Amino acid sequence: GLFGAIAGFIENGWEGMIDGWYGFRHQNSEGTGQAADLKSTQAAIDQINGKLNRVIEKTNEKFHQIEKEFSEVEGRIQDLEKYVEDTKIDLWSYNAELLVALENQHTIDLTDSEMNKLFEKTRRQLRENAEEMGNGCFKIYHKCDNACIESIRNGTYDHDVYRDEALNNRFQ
């Protein structure tokens, strides 16, 4: 994907995470846990439903058309009727093939994009208190309990609180 996160710097997916599309796995003083991120899971699903509804949107109704099967050989005019329908089918088939190709390429890019959006959002929250290990994981340079992990997970984390502690472990 264009962003390098899914099937990129994030080595692989988690079959263990059944409650969302994107999320956090941590390890601290209290042990190890795992939680889905709702906002980003929702962003991906919303856009995919958007795409989907737009393609499942009304067909067109047709009533009396031309005949398309023939029981006798006739010549000029039947050739024409066959060529018109054959041309139409080929054009629609081309349409359908291209459509899923564009859509799918795009679906993979946007999901890759959302994963990266979440990574960047976390990075920014953590400010000067964490470094990126380059595999999806941040190393947080301060003591950080389950309450603290959750403050990151729900975007209330106060970098100032932990700055001195973190700078010390980071640069000493």
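Only the largest set of C-alpha atoms that superpose within 1.5 Å between the two forms is called the rigid core. Counting begins at 1, following the sequence as shown.
Between stretches 109-117 and 51-59, greater average Cα displacement in 5 other deposited structures of this protein relative to the shown form, fitted by the core, falls on 51-59. Of the two stretches examined, 46-54 and 22-30, the record assigns the greater average C-alpha temperature factor to 22-30. Here 2-10 and 162-170 are compared by their mean Cα B-factor, and 162-170 comes out higher. When the C-alpha B-factors of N104, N116, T59, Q65 are read from the PDB record, the largest value belongs to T59. Ranked against the other modelled residues of its chain, the C-alpha B-factor of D112 as given in the entry falls in the lowest third.
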